[PDB]
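Please treat every number below as a calculation from the coordinates, not as lab data. Using ideal geometry, Cβ is built from the backbone for each residue, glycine included, and neighbour counts are taken over all protein chains shown.
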Amino acid sequence: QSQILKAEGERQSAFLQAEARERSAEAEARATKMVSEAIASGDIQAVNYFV
Amino acid sequence: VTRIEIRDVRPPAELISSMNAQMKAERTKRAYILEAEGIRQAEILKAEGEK
């Protein structure tokens, strides 16, 4: 019984982590679009300077 | 006509311990099982808490 209860715990944790993963992917997509536009407008030497 | 009776059958002191060890051992079994049941329920409850 103890093992079954534990396993249910990890199942619920996995569901919550999946939701968080989708949100983080959304944020990464928005960031990619914005920085892509900024780079495509002006130049590339500035990014090298920052790095 | 007697119906010959034995009024009493005494073993010595050494044999009495061996004879009543049987019933002492039969008593320990109940206690062991009850302790096992207690452990089982405690573990189930703690598992729920952890979940």
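Observations
- Qualifying residue in region A:38-49 (condition: part of a helix (DSSP H, G or I), over 30 Å from B:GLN41 (Cβ atoms), of a type in the set (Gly, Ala, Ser) and under 14 Å from the mean Cα position of the chain (by Cα)): no
- Restricting region B:1-47 to residues that are β-branched (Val, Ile, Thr) and part of a helix (DSSP H, G or I) leaves a set whose member that is nearest to A:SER2 (Cα to Cα) is B:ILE44.
- Condition check for B:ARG40: of a type in the set (D, E, K, R), within 14 Å of chain A (Cβ to nearest Cβ) and under 24 Å from the mean Cα position of the chain (by Cα): yes
- Residue check for A:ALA20: without any contact (Cβ under 8 Å) to a residue 24 or more places away in the chain, part of a helix (DSSP H, G or I), hydrophobic (A, V, I, L, M, F, W, C) and farther than 30 Å from B:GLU50 by Cα: no
- Residue count for region A:3-30, restricted to those that are among the polar types (S, T, N, Q), more than 8 Å from the chain's Cα centre (by Cα) and more than 14 Å from chain B (Cβ to nearest Cβ): 1
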